[PDB]
Amino acid sequence: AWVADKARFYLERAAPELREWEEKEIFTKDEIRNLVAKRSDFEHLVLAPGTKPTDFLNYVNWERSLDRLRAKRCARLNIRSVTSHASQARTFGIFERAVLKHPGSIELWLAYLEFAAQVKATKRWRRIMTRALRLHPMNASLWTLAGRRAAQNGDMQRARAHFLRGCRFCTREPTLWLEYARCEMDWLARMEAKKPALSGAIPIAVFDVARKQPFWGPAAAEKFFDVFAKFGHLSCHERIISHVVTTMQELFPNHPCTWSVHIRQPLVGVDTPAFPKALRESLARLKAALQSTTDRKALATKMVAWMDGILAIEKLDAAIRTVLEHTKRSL
Amino acid sequence: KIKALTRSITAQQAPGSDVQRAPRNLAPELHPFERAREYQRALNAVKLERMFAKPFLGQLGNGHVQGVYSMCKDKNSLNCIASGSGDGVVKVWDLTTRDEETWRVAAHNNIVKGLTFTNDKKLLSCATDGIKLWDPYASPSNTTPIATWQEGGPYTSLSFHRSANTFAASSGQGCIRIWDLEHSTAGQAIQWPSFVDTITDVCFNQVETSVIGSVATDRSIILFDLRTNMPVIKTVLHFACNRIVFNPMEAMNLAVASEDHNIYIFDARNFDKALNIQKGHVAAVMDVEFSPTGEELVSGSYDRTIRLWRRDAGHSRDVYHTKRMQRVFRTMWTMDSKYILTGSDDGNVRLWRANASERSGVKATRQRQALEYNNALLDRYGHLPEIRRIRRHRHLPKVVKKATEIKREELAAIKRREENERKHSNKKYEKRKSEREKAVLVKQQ
Amino acid sequence: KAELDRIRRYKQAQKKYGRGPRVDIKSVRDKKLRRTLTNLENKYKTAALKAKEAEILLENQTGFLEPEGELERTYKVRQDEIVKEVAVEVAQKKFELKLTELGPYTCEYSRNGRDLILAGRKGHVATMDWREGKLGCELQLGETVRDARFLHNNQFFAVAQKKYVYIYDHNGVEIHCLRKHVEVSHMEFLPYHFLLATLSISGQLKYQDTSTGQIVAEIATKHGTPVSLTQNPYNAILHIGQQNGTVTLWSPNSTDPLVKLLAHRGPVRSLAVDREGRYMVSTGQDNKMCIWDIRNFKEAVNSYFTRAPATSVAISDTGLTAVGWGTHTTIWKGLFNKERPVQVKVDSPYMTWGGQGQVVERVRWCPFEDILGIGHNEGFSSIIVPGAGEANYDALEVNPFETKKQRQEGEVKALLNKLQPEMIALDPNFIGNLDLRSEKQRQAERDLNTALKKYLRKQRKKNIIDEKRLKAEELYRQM
Amino acid sequence: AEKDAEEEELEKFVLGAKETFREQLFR
Amino acid sequence: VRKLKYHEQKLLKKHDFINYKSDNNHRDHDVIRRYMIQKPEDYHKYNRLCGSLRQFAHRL
Amino acid sequence: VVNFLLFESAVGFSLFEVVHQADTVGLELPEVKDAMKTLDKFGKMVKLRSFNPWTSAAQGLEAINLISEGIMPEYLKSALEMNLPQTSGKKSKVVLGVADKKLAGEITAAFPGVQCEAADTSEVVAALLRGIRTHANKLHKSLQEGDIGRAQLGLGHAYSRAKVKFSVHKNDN
Amino acid sequence: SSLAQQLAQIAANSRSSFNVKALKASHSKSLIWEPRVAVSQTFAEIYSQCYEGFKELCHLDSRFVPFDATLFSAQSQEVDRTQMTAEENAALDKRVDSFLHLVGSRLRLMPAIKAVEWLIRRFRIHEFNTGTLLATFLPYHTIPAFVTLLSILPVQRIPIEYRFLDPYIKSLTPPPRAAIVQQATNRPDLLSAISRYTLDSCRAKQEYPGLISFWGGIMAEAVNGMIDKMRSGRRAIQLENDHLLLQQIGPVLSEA
RNA sequence: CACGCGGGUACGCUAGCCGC
RNA sequence: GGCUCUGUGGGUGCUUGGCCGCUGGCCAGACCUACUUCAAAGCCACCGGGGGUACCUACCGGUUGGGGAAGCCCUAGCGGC
């Protein structure tokens, strides 16, 4: 432990900002003595041998709240000469030696990404995201954060880069695959609302490659359909939904999930006279499904969950509502 | 309004932490004897570096049978050395495993005068026989050469190009001749137009490609431009020069190791005067080599000494010697610029270190800060008398000490004769010619 | 303008941390020397500027007391009022030791203020850690005791017995006695050199190297028994104070005194000298005390008067001084300000300790706390005075809370950087200056009617004829 | 008052609250 | 003081805090402790008497 | 001159990035051997760049039964594609340090811009991977879930049983 | 050794630690955590755990909300008791005595023991308020929490009336009611201290039936043993003993 | 070259005109 | 009721007040920093014995370069011995 000699540099670096704040009338001298003592205690806690990511986050939160307090006080005392750049630089320094000391803590990596995104640092955010993905490649949350922020920026090629490396790594759970199909169809909806893409064959290709993965269950394909069924206002949405249903019917013929997609298929983009027409079609499918030879307890639990989802909406007729209740109660 | 200063021991340790907090006040009232305490630390630093000055590191293998008369490193790799002895056997050494040689062959009949590595992996060797090419790194070991060259007179030295597969061999017919491997057979013979004396050494400039320097036993240095194949300029010095070399960071500076016991650092654009004159030896200088950082020099001399130099010094930074080392013929750095290698006449290749008191490896911060602090403190207070005498004291062998005392007596006598002839002759009404200007006899094109 | 604060900051830092005027870069004629000296001037300027900017990270605050009303004055403040108004961890340090039967006591703190040693006149020498309240040692010794003094640590101390000095370990086990030092009446330990300098009653001053154990230079002060002795903490020269009324400055490299400041008509009774080496206050037998600028060697102000011949005087880490006369000590604040070029006299003392019949033998400042220890005939009494004490110490030089490992490492580093006794002069920063005679001789060996009558008057007495005198005779004949 | 409540909360979090601790003591 | 390292010992070759050369190998302390002399002054008085006796033998 | 180095262990394979590389002439020197001993002077040399753990003991078993036979696995190719800068060796190469010579040849054949140095041939990368194997518990402990001892124990048992076919003709208990 | 006696009194009267081993021991003295863990604990960890305890206590009883502002404050993480003046220390002593009277009823619960552990580990109540802390733990003198408080108490910081506890500090066993009652009949100071503690609580209406039954039982048995001591048979001595018994009792019974 | 606070064209957002 | 241990007060020499900047004051203190003509006479000043002496120091005698108190004289001067 050379921690005193190690923290001497960070205190001597933070000193001239305190000299500027003392030569302005923004912080008084007793308050600056308090800032000196608090930063000194924080540095000698941070550079200690036995340290913790919560200790690094407490120091980050204190420095960031000091920047916010000085911003409020500077706007109140009407000064424009004092800048926040030194505080952002030292907060980046705290975070860089934080991710040096504890690279295996995703809470601290995500706090670093939240800070770098919040003070408008996109290129630095991309570099931090690359380092975090290299250290935690099995983390679907980090991969979806990278891909969704690249899609939110609009660099769809970079979003596909992050997502295809993520689906190359995370193949135990379906989560990142579902989020990639969600992002690709959101790109398809953006390409539609801007008015290949005319076919929209990429989620069908995602399904065809996902057919051979170690998570490939009927529940996983039902999760694929439950992702796909949102935002039906598209062009090839019926093509995608019909391909999912014929894949599940050709592969898992008598599963309750396949009977559930047989129930809930024809209600794609409905909200309105086309609503109860397709509801009567789906209820015919549902009654045939309930009488048919399938695990009725599993199919009934699926249908009462979907019927709670149905009952969550207003603006319907009471006869339809009470016949949903009557068909619910005997399950 | 009473208030006194209260010190908790929280100012030394906060409770719950093992960090001993060290509060520092830099006011000069608290720290007396600044210059005196720093002088004492500088004196301790000199005595510490004289105690831990232990420069000999090892010896490559069993060595050779007769003396090592040529050796050459691989300038692309970092641990490939080769050395050719006096009974005409060459050996390729690997510096990571110094226990035994990697590849040896009974190359020639006579001594191996020059030797070099190609840029691919192969090595070349001169003799009076003629030059040969071997593949020392092959999955079967092959003793036989894969190319040989006898036409072109008796060759003396080699030098390989930096990038391409070109190399120049200095012959004894007064010409150098330049081959390109894989599409040239006899090479192109470049010479000064009416030149007879042998060209001893040859050296490609590694920074500026296609500029070749050479020394010759006409006590002369000659240049060569490879782009327009002709010689360029020729200057005659006073004594014969044993070896030319170029600076690997400054393209225009060269150094000649010469029989005047001296190293002359020249500028290749203006051969009027020497840029520097390193004078520290006792017998003739056999080999000179710049450091790959371009700021230091090794010279192996014809007496039993290696002398380490800074580039602007003009006097020895270090001298290395050993009772087992018989003469010194070829000294060269490693590409670390930390260790030097010495091919002797005892048949030994020895591995010394430059910066004799500076140990290698990874240092902790408070270790390398102490070493850098000592070096900066010696840079400041190195000229004071106690510090000066302890940092200049080095144990020389008795023959070298007696002969440098004789050399000081003879040089003082010659200076007194010249000063008396100046004070009592007609040369009194002239400006004193500087010694760097006196280093060159004539320059011609 | 807005840069006026910048120029004021640079003037203040060049005053404080600059340690010299500045290198004149315009007079340099060489080009490489000009750019390297410009580089050095830039580095030294940013050095002083960064030290001044990093003087904000100082933790503690200097203590004080200031009178509120116009009738209230600072010297009328009672110690019970100070103890009521002050914090409890520093109100604990105001104690009083009641040791009556073993002579007037003599207090000396260690130079971090951890342990104090107090020695009675009839023999009772004790060594205690006065904050933690434990005593490291107590021993009785029989014979009289002239002066007790800590060495570099609180490990070794040195006691001046009836004939010799003795140095003792931490437990009080006597390590050895020094037989060359006979009848030692005063002692002073140079801290940075490891020399222990002893004035005998005969007037002989011996410097003994404590680390290696050989006396460096026995100087014989040719005139009289010495009355007092102090030690400049900046030069490590010894201000001893004689009985004819001069103080003399001594150094181990000269048998004559370096200067002799002429002082009071009677003997000087006590001396004290600032830790920055600026000023020296001396109290004489003639009832006056007076302060001197030491860097110029002149008297700063008129002589103050003390109402009795002051037995001791000791000045603090800040500007305070305690002058202890008769049976009660008085503390003065503003005797010598560093910033003022011409000093002014102080009208009233800062604060006065009471006279209740205990004659003051020796006052000492605890080096880092805001207290004052008075050793008197009834024992030891520590009073608290707020303005004193350096608030911000440096942990590398001397530490009030030094652990065992830090004490061991600091003792070894001080041993390695002990200074040779030939490095003592009036100006302690001379190491590296020019030998002007040797430089003139080096440049010589490189480049190679009113006085000419007393010339012949001096050279007619030899009677060597010496042809330069023949030329001088021909010149005098022509004149 | 001329201070926001969010500014006083940041002042109590960042800078300390020693004066209001002494005020809460002496009641 | 801790046990000195190699380089620290080589720089402080002539250093020890306990036994000087003026202490005479602590012969005073060893004789006082052996023969229960309660006064070091009594040791040095006996020693100066023995020294005067030895110089009388030397002049004889 | 090494740039990165692979290091495969029972919990997974991690590649370190060297900064302040090791002296190759003074490898047999006592000060450099003491630097390779002490973690406070070898962690200045290595900085952990990437880590890839296994998904399951079946993947770890496939990893040993590919790596010991010599052939590299697809997820090792994946993590090298992710961590190494994508080059082809025409004007700039990346020096990787690997423990086995056959794995070196295959990584160089899969990535043409990566020149691999085997620990069986090169003493610098041999000493450097030796130091990482020495301090491998502390270089990974910020993301080492649990320990390495039981992982090495169970993985050695699974590898030996797959090589021997133990359970199909051990039945007497 | 008069100097060693004066220095022993100075070292016993001293309150703040002045060397690192003393700071580490005084920080190591805790109720909940073992010493090997309690050395290496900053004042944010202790404040988090013990503020969870005080949140539970403040949800149990309503009247802890001023101590939420003054004693268990996030600023009271940082206050050093030995750096404030005498009036700040006296007002802090009043606040601590009020909290201990308030928390004495719930002291078998782990929230209240966590709150007392915060007071002990921050404000050093076992050194600066030994009287009120020992009196508020005295009705629970049969519990392991009283055994731990007896373990962490300094010896010379206990008042003179509670110096019967020294063999129970040397051998860590809970003291019996026979020992407390016998020291109450022998010393009037211990009986006066117990009665003063419970009357000072009952004037602030922070009584609880455990404390009331404790004081009633010990004053009953102490007056019993005190009468059996005061009985003498000589007329003037029994007159003076009845007068001394009434002068030692009368304020307590005249208020209660 | 730009970097704080307001009303604007515009927000499950901040890109753009002028001020404080 | 007894032994032991501990604490306080008196005594273990013939009784004249607590403090101070003391011929006067104070015990609740008060005022605070002035005033000044000419630095100083010399000597002594304890280390155990025998021995060495390169370096430092002390004492004694000198050598170069400067410096001029004082003594003596007179052509009077920025003087001379």
# chains A, B, ... in the order shown; residues from 1 in each chain; ligands from 1
$ select_by_dssp --residues "range 131-328 of chain A" --states "helix (DSSP H, G or I)" --output "PyMOL selection string"
chain A and resi 131-135+140-153+156-169+175-193+202-210+218-228+237-251+256-264+274-291+296-311+318-328
$ atom_distance --atom1 "CA of residue 127 in chain A" --atom2 "CA of residue 89 in chain F"
24.8 Å
$ interface_residues --of "chain C" --to "chain A" --cutoff "10 Å" --atoms "only C-alpha atoms" --output "VMD selection string"
chain C and resid 5 50 to 61
$ closest_atom_pairs --of "chain G" --to "chain C" --cutoff "10 Å" --atoms "only C-alpha atoms" --output "Markdown table"
| residue | atom | partner | partner_atom | distance |
| --- | --- | --- | --- | --- |
| G:1 | CA | C:138 | CA | 8.9 |
| G:2 | CA | C:99 | CA | 7.8 |
| G:3 | CA | C:99 | CA | 7.3 |
| G:4 | CA | C:135 | CA | 7.0 |
| G:6 | CA | C:97 | CA | 6.9 |
| G:7 | CA | C:133 | CA | 5.2 |
| G:8 | CA | C:133 | CA | 6.5 |
| G:9 | CA | C:133 | CA | 8.0 |
| G:10 | CA | C:133 | CA | 5.5 |
| G:11 | CA | C:133 | CA | 4.2 |
| G:12 | CA | C:133 | CA | 8.0 |
| G:13 | CA | C:92 | CA | 8.3 |
| G:14 | CA | C:92 | CA | 6.5 |
| G:15 | CA | C:89 | CA | 7.4 |
| G:16 | CA | C:89 | CA | 6.3 |
| G:17 | CA | C:132 | CA | 7.5 |
| G:18 | CA | C:132 | CA | 6.2 |
| G:19 | CA | C:401 | CA | 6.6 |
| G:20 | CA | C:403 | CA | 7.2 |
| G:21 | CA | C:403 | CA | 9.2 |
| G:22 | CA | C:132 | CA | 9.6 |
| G:81 | CA | C:88 | CA | 8.8 |
| G:82 | CA | C:89 | CA | 5.5 |
| G:83 | CA | C:87 | CA | 5.4 |
| G:84 | CA | C:87 | CA | 5.1 |
| G:85 | CA | C:87 | CA | 4.1 |
| G:86 | CA | C:84 | CA | 6.6 |
| G:87 | CA | C:84 | CA | 8.5 |
| G:88 | CA | C:87 | CA | 9.3 |
| G:89 | CA | C:88 | CA | 8.6 |
$ write_last_selection --atoms "N, CA, C and O atoms" --output "CSV table (one decimal), in the first residue's frame"
chain,number,residue,atom,x,y,z
G,1,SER,N,6.5,6.4,43.5
G,1,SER,CA,6.0,6.6,42.2
G,1,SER,C,4.9,7.5,42.1
G,1,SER,O,3.8,7.2,41.5
G,2,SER,N,5.0,8.7,42.7
G,2,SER,CA,4.0,9.8,42.6
G,2,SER,C,3.8,10.3,41.2
G,2,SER,O,2.7,10.6,40.8
G,3,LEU,N,4.9,10.3,40.4
G,3,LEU,CA,4.8,10.6,39.0
G,3,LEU,C,4.0,9.6,38.2
G,3,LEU,O,3.2,9.9,37.3
G,4,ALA,N,4.3,8.3,38.5
G,4,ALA,CA,3.5,7.3,37.8
G,4,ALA,C,2.0,7.3,38.2
G,4,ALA,O,1.2,7.0,37.4
G,6,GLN,N,0.3,10.2,39.1
G,6,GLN,CA,-0.2,11.3,38.4
G,6,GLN,C,-0.4,11.0,36.9
G,6,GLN,O,-1.5,11.3,36.3
G,7,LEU,N,0.5,10.3,36.3
G,7,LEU,CA,0.4,9.9,34.9
G,7,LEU,C,-0.7,8.8,34.7
G,7,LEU,O,-1.3,8.8,33.6
G,8,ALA,N,-0.9,8.0,35.7
G,8,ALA,CA,-1.9,7.0,35.6
G,8,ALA,C,-3.3,7.6,35.7
G,8,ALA,O,-4.2,7.2,34.9
G,9,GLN,N,-3.4,8.6,36.5
G,9,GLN,CA,-4.7,9.4,36.5
G,9,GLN,C,-4.9,10.2,35.3
G,9,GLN,O,-6.1,10.3,34.8
G,10,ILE,N,-3.9,10.7,34.7
G,10,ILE,CA,-4.0,11.4,33.4
G,10,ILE,C,-4.4,10.5,32.3
G,10,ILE,O,-5.3,10.8,31.5
G,11,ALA,N,-3.8,9.3,32.2
G,11,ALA,CA,-4.1,8.3,31.2
G,11,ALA,C,-5.5,7.7,31.4
G,11,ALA,O,-6.1,7.3,30.4
G,12,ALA,N,-6.0,7.6,32.6
G,12,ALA,CA,-7.3,7.2,32.8
G,12,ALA,C,-8.4,8.2,32.5
G,12,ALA,O,-9.4,7.9,32.0
G,13,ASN,N,-8.1,9.5,32.8
G,13,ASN,CA,-9.0,10.6,32.5
G,13,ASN,C,-9.0,10.9,31.0
G,13,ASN,O,-9.9,11.6,30.6
G,14,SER,N,-8.0,10.5,30.3
G,14,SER,CA,-7.9,10.8,28.8
G,14,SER,C,-9.0,10.1,28.1
G,14,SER,O,-9.4,9.0,28.5
G,15,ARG,N,-9.5,10.6,27.0
G,15,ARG,CA,-10.7,10.1,26.3
G,15,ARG,C,-10.4,9.7,24.9
G,15,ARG,O,-10.9,8.7,24.4
G,16,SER,N,-9.7,10.5,24.1
G,16,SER,CA,-9.4,10.2,22.7
G,16,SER,C,-8.1,9.4,22.6
G,16,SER,O,-7.2,9.6,23.4
G,17,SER,N,-8.1,8.5,21.6
G,17,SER,CA,-7.0,7.7,21.3
G,17,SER,C,-5.9,8.5,20.6
G,17,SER,O,-6.2,9.4,19.9
G,18,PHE,N,-4.6,8.2,20.9
G,18,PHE,CA,-3.5,8.9,20.4
G,18,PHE,C,-2.5,8.1,19.6
G,18,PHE,O,-1.5,8.7,19.1
G,19,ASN,N,-2.6,6.8,19.6
G,19,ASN,CA,-1.8,6.0,18.7
G,19,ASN,C,-2.7,5.0,18.0
G,19,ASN,O,-3.9,4.8,18.4
G,20,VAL,N,-2.1,4.3,17.0
G,20,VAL,CA,-2.9,3.6,16.0
G,20,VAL,C,-3.5,2.3,16.6
G,20,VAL,O,-4.6,2.0,16.3
G,21,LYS,N,-2.8,1.7,17.4
G,21,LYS,CA,-3.3,0.5,18.1
G,21,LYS,C,-4.4,0.8,19.0
G,21,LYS,O,-5.4,0.0,19.1
G,22,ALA,N,-4.4,2.0,19.7
G,22,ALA,CA,-5.5,2.4,20.5
G,22,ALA,C,-6.7,2.7,19.7
G,22,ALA,O,-7.8,2.4,20.1
G,81,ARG,N,-17.0,13.0,18.4
G,81,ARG,CA,-17.5,13.6,19.7
G,81,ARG,C,-16.4,14.3,20.4
G,81,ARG,O,-16.6,15.2,21.2
G,82,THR,N,-15.1,13.9,20.2
G,82,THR,CA,-14.0,14.4,20.9
G,82,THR,C,-13.5,15.7,20.3
G,82,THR,O,-12.5,16.2,20.8
G,83,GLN,N,-14.1,16.2,19.2
G,83,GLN,CA,-13.6,17.4,18.6
G,83,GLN,C,-14.6,18.6,18.8
G,83,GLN,O,-14.3,19.7,18.4
G,84,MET,N,-15.7,18.4,19.5
G,84,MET,CA,-16.6,19.4,19.8
G,84,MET,C,-16.4,19.9,21.2
G,84,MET,O,-15.8,19.2,22.0
G,85,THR,N,-16.9,21.1,21.5
G,85,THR,CA,-16.7,21.7,22.8
G,85,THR,C,-17.5,21.1,23.9
G,85,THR,O,-18.2,20.1,23.7
G,86,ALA,N,-17.4,21.7,25.1
G,86,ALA,CA,-18.0,21.1,26.3
G,86,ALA,C,-19.5,21.3,26.2
G,86,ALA,O,-20.2,20.3,26.7
G,87,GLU,N,-20.0,22.4,25.7
G,87,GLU,CA,-21.5,22.5,25.6
G,87,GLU,C,-22.1,21.7,24.5
G,87,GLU,O,-23.2,21.1,24.7
G,88,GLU,N,-21.4,21.4,23.4
G,88,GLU,CA,-21.8,20.5,22.4
G,88,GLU,C,-21.8,19.1,22.9
G,88,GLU,O,-22.7,18.3,22.6
G,89,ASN,N,-20.8,18.8,23.7
G,89,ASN,CA,-20.7,17.4,24.3
G,89,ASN,C,-21.8,17.2,25.4
G,89,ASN,O,-22.4,16.1,25.5
$ residues_around --residues "range 386-391 of chain B" --least-positions-apart "6" --cutoff "8 Å" --atoms "only C-alpha atoms (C1' of nucleotides)" --output "PyMOL selection string"
chain B and resi 42-43+46-47+50
$ residues_around --residues "residue 5 in chain A" --least-positions-apart "4" --cutoff "10 Å" --atoms "only C-alpha atoms (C1' of nucleotides)" --output "PyMOL selection string"
(chain A and resi 1+9-10) or (chain B and resi 21-24+366)
$ write_last_selection --atoms "N, CA, C and O atoms" --output "mmCIF file, in the first residue's frame"
data_model
loop_
_atom_site.group_PDB
_atom_site.id
_atom_site.type_symbol
_atom_site.label_atom_id
_atom_site.label_comp_id
_atom_site.auth_asym_id
_atom_site.auth_seq_id
_atom_site.Cartn_x
_atom_site.Cartn_y
_atom_site.Cartn_z
ATOM 1 N N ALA A 1 0.823 -1.195 0.000
ATOM 2 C CA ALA A 1 0.000 0.000 0.000
ATOM 3 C C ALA A 1 0.861 1.250 0.000
ATOM 4 O O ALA A 1 1.426 1.626 1.020
ATOM 5 N N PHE A 9 -1.561 12.382 -6.257
ATOM 6 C CA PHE A 9 -1.667 12.900 -7.614
ATOM 7 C C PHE A 9 -3.082 13.337 -7.936
ATOM 8 O O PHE A 9 -3.281 14.375 -8.567
ATOM 9 N N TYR A 10 -4.077 12.562 -7.516
ATOM 10 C CA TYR A 10 -5.451 12.913 -7.841
ATOM 11 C C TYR A 10 -5.903 14.136 -7.058
ATOM 12 O O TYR A 10 -6.637 14.981 -7.588
ATOM 13 N N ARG B 21 -2.614 7.587 6.118
ATOM 14 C CA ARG B 21 -2.707 8.863 5.426
ATOM 15 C C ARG B 21 -1.481 9.698 5.757
ATOM 16 O O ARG B 21 -1.108 9.825 6.924
ATOM 17 N N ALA B 22 -0.844 10.255 4.734
ATOM 18 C CA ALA B 22 0.370 11.051 4.913
ATOM 19 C C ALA B 22 0.121 12.468 4.429
ATOM 20 O O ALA B 22 0.308 12.758 3.234
ATOM 21 N N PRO B 23 -0.296 13.383 5.300
ATOM 22 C CA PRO B 23 -0.520 14.762 4.864
ATOM 23 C C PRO B 23 0.796 15.492 4.687
ATOM 24 O O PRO B 23 1.715 15.368 5.498
ATOM 25 N N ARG B 24 0.884 16.256 3.605
ATOM 26 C CA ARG B 24 2.137 16.862 3.184
ATOM 27 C C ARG B 24 1.984 18.369 3.093
ATOM 28 O O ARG B 24 1.009 18.865 2.524
ATOM 29 N N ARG B 366 7.888 2.987 -7.038
ATOM 30 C CA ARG B 366 8.792 3.586 -6.074
ATOM 31 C C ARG B 366 10.218 3.081 -6.210
ATOM 32 O O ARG B 366 11.112 3.613 -5.552
#
$ interface_residues --of "chain A" --to "chain H" --cutoff "12 Å" --atoms "only C-alpha atoms (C1' of nucleotides)" --output "list in words"
residues 68, 70, 71, 72, 73, 74, 75, 76, 77, 78, 79, 80, 81, 82, 83, 84, 85, 119, 120 and 152 of chain A
$ atom_distance --atom1 "CA of residue 9 in chain D" --atom2 "CA of residue 67 in chain A"
13.8 Å
$ residues_around --residues "range 147-159 of chain F" --least-positions-apart "6" --cutoff "7 Å" --atoms "only C-alpha atoms (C1' of nucleotides)" --output "number ranges by chain"
F: 10-11, 61
$ interface_residues --of "chain A" --to "chain G" --cutoff "12 Å" --atoms "only C-alpha atoms" --output "PyMOL selection string"
chain A and resi 34+37-38+41-42+45+50-51+54-55+58
$ residues_around --residues "residue 204 in chain A" --least-positions-apart "4" --cutoff "10 Å" --atoms "only C-alpha atoms (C1' of nucleotides)" --output "PyMOL selection string"
chain A and resi 181+200+208-210+239-241+243-244
$ closest_residue --among "C:177, C:384, C:240, C:374" --to "chain I" --atoms "only C-alpha atoms (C1' of nucleotides)"
C:177
$ select_by_dssp --residues "range 1-155 of chain F" --states "strand (DSSP E or B)" --output "ChimeraX atom specification"
/F:4-9,12-18,46-53,94-98,114-118
